[PDB]
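Here is the structure we will look at, set down as structure tokens.
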Number of protein chains: 4
Amino acid sequence: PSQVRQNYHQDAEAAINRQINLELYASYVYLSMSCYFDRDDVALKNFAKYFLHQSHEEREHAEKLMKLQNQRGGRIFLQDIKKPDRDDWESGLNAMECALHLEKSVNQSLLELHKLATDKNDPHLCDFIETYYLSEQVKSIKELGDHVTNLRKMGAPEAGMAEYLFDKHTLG
Amino acid sequence: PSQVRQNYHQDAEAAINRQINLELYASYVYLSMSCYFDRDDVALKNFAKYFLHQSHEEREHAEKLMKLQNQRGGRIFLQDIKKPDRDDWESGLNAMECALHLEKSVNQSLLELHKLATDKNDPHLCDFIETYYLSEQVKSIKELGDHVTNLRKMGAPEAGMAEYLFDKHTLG
Amino acid sequence: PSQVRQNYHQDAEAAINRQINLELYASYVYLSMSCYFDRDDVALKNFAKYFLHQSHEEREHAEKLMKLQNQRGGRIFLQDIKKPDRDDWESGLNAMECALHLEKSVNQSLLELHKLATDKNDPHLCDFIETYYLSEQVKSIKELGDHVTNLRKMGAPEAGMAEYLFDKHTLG
Amino acid sequence: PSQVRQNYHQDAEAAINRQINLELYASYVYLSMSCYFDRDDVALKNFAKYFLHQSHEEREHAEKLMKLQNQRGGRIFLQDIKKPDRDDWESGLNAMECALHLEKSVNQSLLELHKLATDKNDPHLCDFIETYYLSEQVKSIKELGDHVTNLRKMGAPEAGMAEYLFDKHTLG
């Protein structure tokens with residue numbers, strides 16, 4: 001085993017690798033959303049900027065997870081990054097709802113990772129997950145819920161003014 | 001009696017304590033409004049900021065009243081701060097109308113306090129009420145009336161764009 | 001349920017509301033202490049400043065708790081803020097001892113909240129309580145214990161010089 | 001009559017002259033207190049500084065009253081400035097108590113002046129008295145009451161340390 005490895009279960013290492021892949025997949029999904037909103041028939045600059053920034057933060061989360069895995073003496077094993085479920089997101093509101101669903105799924109995987117670290121008596125992994133991944137995820141979920149609520153209130157996507165004004169005011 | 005007490009009726013002291021409680025209750029009501037507008041299914045950041053600022057100003061008014069009561073030689077007696085009448089305010093326009101009603105009620109209590117100080121021949125208390133409480137209250141009433149008029153003109157709350165644009169432009 | 005609510009028990013939401021009310025009550029108690037120490041027959045400026053600052057920090061704690069409740073998808077329900085047990089605190093030392101007792105009670109409620117979040121498997125709520133409410137409370141308890149020890153050592157309240165010199169040196 | 005005189009009763013002018021004399025007498029009393037505390041067998045530098053500053057503020061109040069009398073078209077008639085009741089004030093606490101009594105007497109004369117201006121329907125004189133003479137007087141009364149309370153609590157004048165430490169800390 002690794003010379004630095006201490007109180008690190010193999011199940012926790014496998015779960016960390018799975019979470020790395022999930023964060024990379026979320027980054028890919030946000031990249032797809034930004035590419036959709038950069039289209040000429042969509043033309044929402046701040047929506048694309050928002051989703052590109054989200055993609056970069058998901059990549060940063062995956063990088064920090066790989067740094068944690070190396071720093072605990074684990075071994076990083078990378079899998080295929082699956083393509084996003086769709087290439088056309090049909091709306092700003094629909095993309096925000098899909099991003100909310102993805103964020104909740106990532107949060108659920110983080111919760112199961114914290115539970116697995118708890119039952120394995122891994123206080124460092126639990127503290128890492130709580131400090132760097134749980135609060136940020138809950139903040140992102142709240143922000144996406146606020147965006148979805150505002151976009152539904154304005155009347156998106158049937159009201160054409162709604163997505164434009166949300167792009168100008170909230171995301172700009 | 002207090003060594004500093006001079007030309008301070010007991011009725012005026014009791015009315016000052018009642019006004020302290022009323023200002024604290026108004027602060028609690030504004031806190032409730034801000035909490036409502038911070039919800040995920042409401043999501044009006046500047047509405048919540050406005051009502052939180054109003055809560056802090058109401059608390060400051062209560063603190064100034066308690067400072068006046070101590071500075072005149074009276075004794076502060078604190079009562080229970082009653083909970084606000086409702087927890088769900090249903091709209092930005094409805095919350096503005098309720099805040100206008102609360103501001104008018106506080107203004108009316110201040111007017112009766114000034115009348116009681118006048119009939120007791122208390123020029124210092126009258127000057128204190130006029131300088132620090134009456135003009136600010138009338139300004140707040142005018143501002144809330146302007147907000148209510150604008151929100152009704154825009155078509156709140158049936159028009160979803162109206163509350164969002166008022167949040168962005170007037171309160172932002 | 002809320003669109004952002006995930007891994008948030010109803011028992012935890014009710015306990016958060018109860019803790020909100022307890023923090024508001026503690027703020028009211030500290031306000032009462034500051035009002036007592038601003039009296040003409042007491043005249044301890046730095047004691048009043050200390051207790052007013054404590055009241056403001058308790059209000060800030062309650063505001064952070066309501067922000068957490070909204071940010072987790074819970075619903076804030078406000079109760080009556082009960083009046084403090086007494087209006088005359090009789091001494092600086094007695095007020096410090098009562099503040100220590102109140103701080104220990106708030107700490108105990110926070111401990112039960114953390115236990116309830118632990119048995120409900122709520123790592124985000126546990127991390128929130130540990131990061132923002134436990135360490136600060138233990139620091140406040142230690143500071144109040146130090147103040148009480150110093151005031152008893154100097155001979156408060158029978159020694160009139162003791163409370164004055166503590167007001168000038170420690171709290172000033 | 002004066003070319004600028006308008007809505008200025010002769011009773012109000014006489015009361016203003018009497019108040020001018022009373023403020024000058026208060027300035028003389030504070031000068032006497034400062035001279036007492038500059039003595040070699042008393043030796044309280046900050047007590048003397050406090051009472052000299054009070055004398056200068058009383059002179060400023062008398063000058064403002066004379067400016068008001070000239071500005072309303074009245075005529076200033078100066079009387080003899082009576083000597084203070086005593087030259088030996090025996091203590092810092094006793095001097096603070098005598099200053100409190102003098103401040104309350106000046107406040108009472110100001111209250112009767114405001115009542116006379118009210119019954120004569122003189123809103124400018126009432127506003128002048130309220131703005132420049134009532135609030136400052138109540139603040140001075142509260143400050144002197146706080147000083148007296150602190151000095152009695154410390155054990156002045158039997159405790160020799162008390163007046164020295166009050167001179168160093170509160171007045172310094």
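Residue numbers begin at 1 in each chain, while the letters A, B, ... track the order of the sequences.
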Give a yes or no on whether [X] atom [atom1] has more than 12 heavy-atom contacts from other residues, nucleotides or ligands under 6.0 Å away.
X: D/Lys168; atom1: NZ; value: yes
X: B/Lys82; atom1: NZ; value: yes
X: D/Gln79; atom1: CD; value: no
X: D/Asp87; atom1: CG; value: no

Side chain / backbone / both / neither for [X] at chain B, heavy atoms under 4.5 Å:
X: D/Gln108; answer: both
X: D/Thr118; answer: neither
X: D/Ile141; answer: both

Roughly how far, to the nearest 0.5 Å, is [atom2] of [Y] from [atom1] of [X]?
X: B/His124; Y: D/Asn107; atom1: NE2; atom2: CG; result: 8.5 Å
X: D/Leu134; Y: B/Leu125; atom1: CG; atom2: CG; result: 11.5 Å
X: B/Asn121; Y: D/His114; atom1: CG; atom2: NE2; result: 10.0 Å
X: D/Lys142; Y: B/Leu68; atom1: NZ; atom2: CG; result: 11.5 Å

Locate the shortest heavy-atom distance separating [X] from [Y]; write the atom from each residue and the value.
X: B/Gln3; Y: D/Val148; answer: OE1-CG1, 3.4 Å
X: D/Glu130; Y: B/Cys126; answer: OE2-CB, 4.5 Å
X: B/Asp127; Y: D/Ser135; answer: OD2-OG, 3.8 Å
X: D/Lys104; Y: B/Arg5; answer: NZ-O, 3.2 Å

Worksheet item: Taking the side chain as C-beta and beyond, is there a heavy-atom pair between B/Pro123 and D/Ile129 under 4.5 Å?
Response: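 In short, these two side chains do not touch, never coming nearer than 4.5 Å.
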